[PDB]
Trainee: 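Shown below is the structure under consideration.
Naming: A, B, ... by sequence-line order, numbering from 1 per chain. When reading the values below, keep in mind they use all heavy atoms of this one structure, side chains included, and skip hydrogens, waters and symmetry mates.
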Amino acid sequence: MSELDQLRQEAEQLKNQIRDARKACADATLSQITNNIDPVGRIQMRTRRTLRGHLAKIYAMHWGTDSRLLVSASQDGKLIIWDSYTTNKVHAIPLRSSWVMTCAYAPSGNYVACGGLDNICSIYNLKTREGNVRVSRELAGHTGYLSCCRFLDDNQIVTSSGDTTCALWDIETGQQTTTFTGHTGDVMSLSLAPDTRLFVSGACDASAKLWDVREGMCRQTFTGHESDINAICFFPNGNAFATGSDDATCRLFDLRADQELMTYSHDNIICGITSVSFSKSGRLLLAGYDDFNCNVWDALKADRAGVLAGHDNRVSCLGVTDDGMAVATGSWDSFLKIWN
Amino acid sequence: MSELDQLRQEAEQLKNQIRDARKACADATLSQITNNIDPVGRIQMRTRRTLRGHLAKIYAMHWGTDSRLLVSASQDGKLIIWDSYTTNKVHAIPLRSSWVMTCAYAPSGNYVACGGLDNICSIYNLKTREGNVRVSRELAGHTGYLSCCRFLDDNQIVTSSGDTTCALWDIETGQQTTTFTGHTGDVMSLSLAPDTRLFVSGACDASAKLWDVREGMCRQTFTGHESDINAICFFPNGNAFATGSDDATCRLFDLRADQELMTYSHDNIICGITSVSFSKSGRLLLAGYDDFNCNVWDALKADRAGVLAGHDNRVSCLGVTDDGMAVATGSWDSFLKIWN
Amino acid sequence: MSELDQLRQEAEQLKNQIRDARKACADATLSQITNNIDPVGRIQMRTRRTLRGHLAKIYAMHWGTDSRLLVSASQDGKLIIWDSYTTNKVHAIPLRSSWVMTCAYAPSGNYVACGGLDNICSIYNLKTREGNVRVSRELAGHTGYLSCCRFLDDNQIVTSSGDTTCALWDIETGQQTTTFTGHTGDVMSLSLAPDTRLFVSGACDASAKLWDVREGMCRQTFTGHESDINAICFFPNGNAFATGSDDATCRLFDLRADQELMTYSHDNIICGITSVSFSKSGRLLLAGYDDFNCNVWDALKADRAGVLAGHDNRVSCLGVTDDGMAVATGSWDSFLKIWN
Amino acid sequence: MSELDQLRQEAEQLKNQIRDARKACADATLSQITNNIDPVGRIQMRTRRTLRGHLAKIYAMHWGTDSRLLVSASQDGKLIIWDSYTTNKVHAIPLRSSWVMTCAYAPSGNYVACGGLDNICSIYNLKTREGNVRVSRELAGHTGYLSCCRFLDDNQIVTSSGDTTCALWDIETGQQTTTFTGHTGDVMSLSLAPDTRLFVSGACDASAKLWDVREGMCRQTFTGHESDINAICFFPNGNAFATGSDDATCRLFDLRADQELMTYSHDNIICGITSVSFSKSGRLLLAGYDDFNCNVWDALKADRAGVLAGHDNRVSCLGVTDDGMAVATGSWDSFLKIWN
Amino acid sequence: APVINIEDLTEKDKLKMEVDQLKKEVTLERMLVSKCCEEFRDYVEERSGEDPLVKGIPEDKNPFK
Amino acid sequence: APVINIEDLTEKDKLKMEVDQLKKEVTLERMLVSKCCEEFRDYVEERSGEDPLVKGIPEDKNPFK
Amino acid sequence: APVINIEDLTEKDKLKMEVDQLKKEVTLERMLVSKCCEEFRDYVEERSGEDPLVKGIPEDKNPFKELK
Amino acid sequence: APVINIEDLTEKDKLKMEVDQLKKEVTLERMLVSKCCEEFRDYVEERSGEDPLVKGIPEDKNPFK
């Protein structure tokens, strides 16, 4: 009965149609194509520095485009910016809220941002304001926690939120220029494309969606993970992206293929993935795990090339420098560790 | 503190372990092991009867254990008992609600049950009533539509509801003896094991669950479907069951394996499945589709051995007689047809 | 010594290259591509005729253009032209040799041919010389038995021989117009492409070769089998062909693919195949087996759709009428049987 | 006898059954069983010693049980016993025939042996006889070239020959104790089981055969290779063995499985393998190729863990020391190199 | 045996019950699907012949004729 | 030779001739088996329905009996 | 919804919007995975050369070295 | 067996031996390749840690140094 079940019929049929369409294209896996390629062997990275300071669980981090100044936050409401090379607080910004779920670094390095259960994204000018460094803009709009945010530029930032929506903001007016709706679950993260004209988000509805920044719409939705996507990371060439998820698997997705190219997981790895990032060449896919450890995967051969062990608690974040020189890991253990 | 954090994480890891444990046992599909079995030979059933009466859509039907009498439910608010052999309407019961979703014939032939958007499972006394057939009991308790119901005997009946639960009722007292909770979406169908010691339910959460009738708890939960399960039926030996879904596929699940043995679909069949049922031996798996047809699958070979084409609208229900001599199809076109 | 090494190693590398090139193109089998196709089911043909007349093992047979008249040859040194319809022996040609291995019927119906261990292919005029059917030509030149022969027309015939070669003969002159060399074993059978531009041969070297009749050269050699190819039959459209072998499997090869599309066998069939034939549409692939039976395979599904059981001995030959209305099976039990 | 030899068809039929029996047990491959296993880290072995002395192509080499002394054989008519630690050749035995093909080192270290196109396996005493190291015995019996030889003890040696057989000899009496016939092609190599109770031979007939020394019978014959098995090597535990072939692949066979566990090859590797050996644990399977390279395979992952590149011509042979400390490679470039 | 009102459960209550179930299921002794497939096949095979819908029904014995 | 030919060549001649054939075959442009299979399917499908052996023959129309 | 419609839909208006999205997606020209895998493999191949984290880097050049 | 000369074997001799060897191998109790792979994996796994060529040989314990 009702017109409702007719629309229901149509949607299901389109969904199966799409499943069949993708099935026709899944003609091989990446590993099968890379059979001739020799493995990197065994990656063995050692911790160079350990950024101490946070008196509580670190929930995020982000390198500056200079590949040296990185920002980080923790449950003790402290948005700290450090000098990785020397190991010292270049900034220690106390936030009115301790529950910080994300933090961003301006590509210009002139500002940063952060938010969480406060459902706001606060920008912080770290340069154009001498000495007293404080929130020069608070972005209000989301009706749910801020899960992840990424700077497009000084006056533009896109954020994801538990309110089930992502949003593009104009920092000057504080107005949400564009809204991105499509996910039926609390969004957890986003990752901009190399051009930034497009971006991809991972939501709790176990799907990642590609959105056109200018149009403010959904280009395509990706399925595969049988659980929520905690992390997402665009591939250097902008044609693919990786995802981290609670089903304990990392997956590689290709925008032109509209489906995954590979899955990375071992039957004895059952803890969820928190963070995910590629090496400079994209040869390695690093993922942070709840087991306090981070595994480095050979993206090409799907082998687990290494593992960065060193955190007393869950690895919550990890980032790779713009110069591919190093990787940093943030953990619930309150410490940060650089590996090179 | 963590509390919910650790709980929802604990849940995810357990799901991963089960998945991994299942893959460890996945080592063949049914069609592969049946390589040497001869194909059945084109199944060409003809319409033997066309039961005309319901001037509105038929939503459900159940065969009486005598393989002659059967009951059908229609949106015209009439529960009709038919003598398939003669085509005579033995009973035409007017209902308090036109939105019947289910009907059931008690093994004894003494009562029939039904319910729908009224969230009520009404039981009707056919025999004993010295004259007119009157309602004996109205079982109330579910806070959602009654999706399906099956008697165990005259004093016992199991129901499924859009309210996410299933329930065992003592009809004498009109009370639920046991509630079966676990699904996270509307329950759409249920099927009792040949010995009535267990029953299986399929729901909108895309999973099927095996419940212990006496213990009152879920033994197992099977997954694999990509959309809600609209139909479910126990296999003759009690160690397996088939499901019908909006994902356009039927699946055979084995209790000992705890996973499916086979899927039945064609990449060009994209419509939903409303009903599913086995032939007496279990060789054929008949399923009704939203495309107006019923497809008869070779359970062993996973091929379509025949098609029942005669309805000018969606096939909503079907059933095979206990003597394995006939199959009845109910449809939105107002008719019921018997084939063999 | 000389460069014998560089030659054998070169042959190997080339072989390795061909196997790899073929491997990369082997992206599926017919059975998978035929997912959406319904099986023909269980085929049940009945013996319509039992042509009795030979007092010795039949070795070959060939239907004529009219799908009524067919010729047969047996170890008693006799060529019998039967009128299948009436069961009348139209001819009973005495043969200079008893060990006949093959026979063919000219498309015009004016001649028949045969040969065997005599290493001679004898042409017998039937029509133009009303009265006693006498051998009009004895093609000599092969240094081994005539395993098979097939008329392109009244003045041209191709032959396969244990001498490892095949030849195209100008009947009138009795000369070998062209010699096809290449096999490294006894060529067991041949089949001419519908257009006659090419023909194929199966040999004891476990390979099949495609030859261009006019240029006298080998175009391709197909492998896969692990035993002698006793039978070979072109598919209706000239792009594919089937093989019967002692490895107990029938195979379908495609010219463009340069490899097989499908193998037909069951782990419980271990005896050799003597003959192979396609039904008119090519949907059925019928093959004679050493176990006295004929298995008819669903060419598209690879189902063993039927069995032609009736001979008390090895089914040595078989053929389907041009009108595809019936199939003939020759056996060592001296009988011929028409089925449909 | 007569027409169809019961034997020739019985051979095929039995081969078919064996094939079916093996396919039934071929559920997976090794690489699938070792997914959790992490890669071995790129092997980058280096030349520690370059044994200089030969003026022509080296054809064989064999480490002595002391994992220090070793012997090599070259087409210039020279058998050199070197010291791998000091690069000092302890002996330089001139040979009658220049076309040597094999050489063995007695476990005891008292003797060495060699043979080739002269179809003789000459034994040499280079211990208990101080002075002119002379041939102790010349084993004559093979009607074909000696392809390989290995001492069981001082009085027993097993040889393989191009004449299709292998044989056990009593060096004292110079007589053949047992002959091992079965191969239908030139035997190319052999390998003694750890306990010397069995040995395995690889031949041009593309099969490997396990023979029981005492009983002097062939217990199993492994197939799979597409051409000549030029090399063969027992695995440390004696339940498996590897083979090298002209089909460009090395294979691991398990005796209980009666078939291969894994194949090692890359579609861009088309040349032949000349030798094959395992590391002390069995983790690595080293193979010498005709392309002048030696690939070190990860036996478990089937990945190429490394590549020993150091010869200006075909690596004709290689061997890993008994103590797993080093590996030597012989080549047509006159040089021998020790790596680790 | 027990009867429960889903309204008497909180989000926390549901979660706890969820992982309790998962914990029970993880200890499930799963059979090889190949073996389950063979047993399924054998069961069906012992009855395929006597199945009016498979084998067919003689007109004189078809109650729906 | 003239028309016919008797293979009485040397081992070096046979191998030579062999790599010569292999060198021809190696240059072959192969169609994907998937495309070949689909074409084979479409060919048969538009003809099987009326194939006398697939569909059977009505008593009266059978040229045999 | 989009910027021009923050949030204003019914439990059925969404079904319509969902199928519209699906109608567009169903026609996405999709590339074969192997094709995408080769281009991916390739991109990474002419790149893995200077990947610091893969080939390592000498202490003296390592930005996160000692003090000298 | 004993010591036999190939020249002394005729066509029939060999074929008969082939069939007789084939008759014995057909009766072999073949283990599942999975099981063999497991046992193999376990064996290698319990030893590769001390494999000089795998783990590496220290520049003080290398005899070829």
Trainee: Between A:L168 and A:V213, is any pair of side-chain heavy atoms under 4.5 Å apart?
Mentor: yes
Trainee: Mind jotting down which residue pairs meet the salt bridge (charged side-chain N to carboxylate O under 4.0 Å, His left out) criterion with at least one end in residues 64-80 of chain A? Sequence neighbours excluded, please.
Mentor: A:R68-A:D83
Trainee: Write down the atom of D:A305, the atom of D:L284, and the distance for their closest heavy-atom approach.
Mentor: CB-CD2, 4.1 Å
Trainee: Please confirm whether the backbone N or O of A:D246 pairs with a side-chain atom of B:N16, one donor and one acceptor, at under 3.5 Å?
Mentor: yes
Trainee: Counting C-beta onward and ignoring hydrogens, is there a side-chain heavy-atom pair between A:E226 and B:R19 closer than 4.5 Å?
Mentor: yes
Trainee: How close do A:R137 and A:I171 get, heavy atom to heavy atom, and via which atoms?
Mentor: NE-O, 2.7 Å
Trainee: Quick one, A:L126 and A:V112 - any side-chain contact, counting heavy atoms below 4.5 Å?
Mentor: yes
Trainee: Please name the pair of heavy atoms, one in A:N35 and one in D:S265, separated by the smallest distance, quoted to 0.1 Å.
Mentor: ND2-O, 3.6 Å
Trainee: Quick one: which residue pairs count as a ring pair (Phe, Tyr, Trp, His ring centres under 6.0 Å) with a foot in residues 321-340 of chain A, not counting sequence neighbours?
Mentor: A:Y59-A:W332
Trainee: So D:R283 and D:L300, do their side chains get closer than 4.5 Å, heavy atoms only?
Mentor: yes
Trainee: Below 4.5 Å, heavy atoms only, C-beta onward: do A:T178 and A:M217 meet side chain to side chain?
Mentor: no
Trainee: What are the two closest non-hydrogen atoms of A:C233 and A:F278, and how far apart are they?
Mentor: O-CE1, 3.7 Å
Trainee: Give the C-alpha distance, both sets of side-chain angles, the deciding distance and a yes or no for side chain to side chain donor-acceptor pair (under 3.5 Å) between A:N230 and A:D228.
Mentor: CA-CA 6 Å; A:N230 301 131; A:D228 58 288; 2.9 Å; yes
Trainee: Tell me every residue that passes side chain to side chain donor-acceptor pair (under 3.5 Å) with A:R22, counting only those two or more places apart in sequence or in another chain.
Mentor: A:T223, A:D258
Trainee: Suppose we screen for ring-ring contact (aromatic ring centres under 6.0 Å, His included). Which residues come up paired with G:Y43, at least two apart in sequence or across chains?
Mentor: A:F235
Trainee: Kindly indicate, with the supporting measurements, whether the criterion ring-ring contact (aromatic ring centres under 6.0 Å, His included) is fulfilled by A:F222 and A:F241.
Mentor: CA-CA 11 Å; A:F222 298 88; A:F241 69 84; 5.2 Å; yes
Trainee: What's the shortest heavy-atom distance between A:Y289 and A:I269, and which atoms?
Mentor: CE2-CG2, 3.6 Å
Trainee: Mind checking what makes side chain to side chain contact (heavy atoms under 4.5 Å, CB included) contact with A:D205, not counting sequence neighbours?
Mentor: A:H183, A:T184, A:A203, A:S207, A:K209
Trainee: Considering residues at least two apart in sequence or located in another chain, which fulfil the side chain to side chain contact (heavy atoms under 4.5 Å, CB included) criterion with D:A299?
Mentor: D:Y264, H:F40
